[PDB]
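Heads up, the thing below is written out as structure tokens.
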Amino acid sequence: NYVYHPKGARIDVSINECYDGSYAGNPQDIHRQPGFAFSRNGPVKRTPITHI
Amino acid sequence: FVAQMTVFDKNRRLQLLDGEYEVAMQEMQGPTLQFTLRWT
Amino acid sequence: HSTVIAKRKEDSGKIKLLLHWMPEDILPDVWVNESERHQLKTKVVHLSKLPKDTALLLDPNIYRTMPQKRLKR
Amino acid sequence: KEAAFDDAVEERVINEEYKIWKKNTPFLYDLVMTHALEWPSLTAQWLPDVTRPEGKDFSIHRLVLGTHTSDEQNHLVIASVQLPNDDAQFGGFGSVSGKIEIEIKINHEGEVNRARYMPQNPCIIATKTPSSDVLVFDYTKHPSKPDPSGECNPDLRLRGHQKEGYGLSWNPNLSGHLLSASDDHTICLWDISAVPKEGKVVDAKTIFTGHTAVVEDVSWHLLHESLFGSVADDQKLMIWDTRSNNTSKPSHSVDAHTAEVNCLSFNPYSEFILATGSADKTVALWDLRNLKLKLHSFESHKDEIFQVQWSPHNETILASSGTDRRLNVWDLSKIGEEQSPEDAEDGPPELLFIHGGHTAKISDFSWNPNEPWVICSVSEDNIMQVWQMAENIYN
Amino acid sequence: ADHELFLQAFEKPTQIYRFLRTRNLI
Amino acid sequence: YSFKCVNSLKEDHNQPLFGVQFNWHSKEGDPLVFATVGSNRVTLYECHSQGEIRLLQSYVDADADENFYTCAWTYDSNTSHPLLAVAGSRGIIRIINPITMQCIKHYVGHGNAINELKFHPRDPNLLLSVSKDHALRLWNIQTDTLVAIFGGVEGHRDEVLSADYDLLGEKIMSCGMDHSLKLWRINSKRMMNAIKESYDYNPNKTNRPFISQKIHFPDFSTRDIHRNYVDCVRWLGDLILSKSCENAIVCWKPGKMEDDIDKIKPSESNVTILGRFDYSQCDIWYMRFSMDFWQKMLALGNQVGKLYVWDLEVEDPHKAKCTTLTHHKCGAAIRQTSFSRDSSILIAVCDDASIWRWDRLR
């Protein structure tokens, strides 16, 4: 937040509340039994999507 | 008993002129060796 | 932090002295004249200037190649 | 071990970085288009034809994509895209239903290693396969609905190679003239300009062998119909002017980079300017007049380089792709321009732009006609991105 | 008020950007 | 028949513990190892002589808040490494390899907290998981597939609590808050066909999801035994043991004394009680008893810190036994008891993140 203390600048910071940071990949890998997740060593098929 | 020097620079620039030089070395003040150099 | 390595005397009135630096980083050793001595016992440099190739030596997590074992071409 | 732990870490880091780049994009591009395919691709080619329906705000273009699935049926595909062709228009920008759609599927035996349409006939394209031969097809002769059986008309395959490869180049001036390059350390040349008795069997007219390493790429001249070079892991570029009749000793041969050469491209607007690309993480260039001069070096990629492509519509604009999950854009005009220390810590001047979209080894990219400044990119993560940089950067 | 809460919370986001600082710098 | 406090310990987080499990897969002679799980930590110790116990290892989960509930020791047929799996309120099941000090497998398919884990006495890849979801699941921990789901139109209606394999491993009992105790079978043809199938499936092979087995019917049940919760049952050869908050442990058999166990008709509507056991101050639920691998003695924790011990011998349950080994330090409560493969030592957990040890003097 911008406070503008008279001395030139002041910013009172606070933590984000949500910040939706979660894996953005094949949404399935999240649950592969460990050791196989993030294999990144063989093509895999998934549903098609498109964003703008 | 080990010692090392390199001859050139990345610009193919020699780093070694001729003259009598005093150098030390390490094993695996204290031990040292002197020598000269000449470009013939 | 630099340390004198080799003490070479030029045939002329010069004695170049070899320097190496404690972090053992990308940097190469350097030949120094006794006149410039006591002036570069330690050096500090900004990061954007360092030798690119051997900059990675600080950390594997600097940059990798995720396949790390390429199967196809 | 260690590498596993380390890779987990690196993955999480890359995820964070992509999060940031996404959050930051809006102030950076004039277009952002992302779309996920079921199976990834290894090809990229913009069809040289464009249609623009009226009463709307968007153009229409067709793209040439390959397929390397895991195990199941392979296919050759060409799909549709609705690029906004407007400056005042902006559900999203146009219709609400869809901006991308598949339209062409053809059964394919093995994955696709390469695919380019013939300059004289876009209905003619080539194909590099896991096998030791070449396939050609004309989509207009097959239904989009694929043969549920499987393999179908190879449409005049070729012959003359013994291991697979990746080189592919029609001769622009001369029809039928097409070059190849495979692990055979050889360059095979068919001429399908006239094969009445197809039989799906044509052997290469001429087979050149001057490299003693696995060849990597080959490209025709852009003005001459009798000129082309060669690229292998020999780190030796050899100039092959045909009609001299020696498949052993070319016209010229020098060492290009200290590492194996991968990609190669000529400037369209010039006559002599060559663009070279190697594993050296370097980018060099040459001229047909004299060759014993590495003209310049771009030194910011942090891994191998696999593709270089000049810009249509722009004489002095080039593009460098590789494995570093990055993509560069250079500038031949700003060679050694005094910049502020903050401009310098940003980077050297001649480097113009760096793409920050993909999160894997960038498989392939392409300029397009019909549009000034846009390039599509394909990674190994089933990912297709199309964008347009912001305008302000230039001018 | 075990101020370690204020500490532990704002502890987390810091090191991340910290690493990121160096990384991006190179 | 005399144990003595030769050691007692205490944690630091002070949050109550629940689990105690010797590794009953000790190649003869190997040291005594046992573990215990608390709020969100696990603990590895080793029994030493002279009442010495040595801390070995400990892990913790931070990324959420959970109160771990149970554990179980097994091994790997492939390389014979010891194997321990645990689960808590979040309802997830983890599988840890101490040899590498890592978790290699995690399972998430329930809807509530889990309450107990046991294995088939013979097969080491069959894990039974009892939950509050009224559904008792059963996994092939090796091919990563579910097998059965017991519960449905005729299942338990409220928060299954405890289960127990038969001695041979083809029959199960279940008990939960609804005063209800139901019998399941495993020996059925269908069941074992299913199991064998489970041991054979490649996901890459088919486009099909593996097909589990749903079972909607107990083989037999009743609620006539207790008029309160039931939270721990034990197979007794072919007899039954169960406890309630009514401060008495009971032994019975279904049907009549003449009624064989393996002829019982599903519509059986009678049970035979044999005897009762007695104690004092178990006026809360979630408290368990255990028994020696040789099925000769009985241990039981207590609310006020006491103990009560019997013998599984010819001692007539009318006047079988009475043995209370006591100490003056903690009387908070004691959740669970545990013996070694032999009857050497006996551990129990107090409610205050404090351990106890009792060394037998026969």
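All chains are identified by letter, namely A, B, C, D, E and F, in their written order; residue positions are counted from 1 within each chain.
Convention: a contact is a pair of C-beta atoms (placed from the backbone, for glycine too) under 8 Å apart; a residue touches a chain by one contact, two chains touch by 3 or more.
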Exercise. Enumerate, in label order, the chains that touch chain C and chain F alike.
Key: A
Quiz item: What is the shortest path, in steps, from chain A to chain D when you may only step between chains that touch?
Solution: 1
Practice problem: Select, from all pairs of chains, the pair with the highest number of C-beta pairs in contact. | Solution: A-D
Exercise. Name the chain with the Cα centroid closest to the overall protein Cα centroid.
Key: A
Practice problem: Report the chain whose mean Cα position is at the greatest distance from that of chain B. | Solution: F
Self-check item: chain D and chain F: spacing of chain centres that average the CA atoms, whole Å
Solution: 63
Quiz prompt | Separation of chain E from chain F, taking each centre as the mean of its C-alpha atoms, in whole Å | solution = 43
Exercise. Go ahead and note the Å separation of the Cα centroids belonging to chain C and chain E.
Key: 31
Quiz item: Roughly how far is chain A from chain C, going centre to centre by Cα mean, in whole Å?
Solution: 38
Exercise. Scan chain F for residues touching two or more other chains and write them down.
Key: none
Exercise. Any chance you could list the residues of chain C touching two or more other chains?
Key: 48, 61, 63, 66-67
Quiz prompt | Where chain A touches two or more other chains, by residue | solution = 40
Quiz item: Can you list the residues on chain F that touch chain A in the complex?
Solution: 103-106, 108, 144
Quiz prompt | Contact footprint of chain A on chain D as seen in their complex | solution = 7-8, 11, 15-16, 18-19, 32-40, 68-70, 92-93, 98-100, 359-360, 380-382
Self-check item: Residue ranges of chain C in contact with chain E within the complex
Solution: 47-48, 50, 55, 61-63
Quiz prompt | Residues of chain E that touch chain C when the two form their complex | solution = 19, 22-23, 25-26
Quiz prompt | Residues of chain C defined as touching chain B within the complex | solution = 6-11, 16, 29, 31
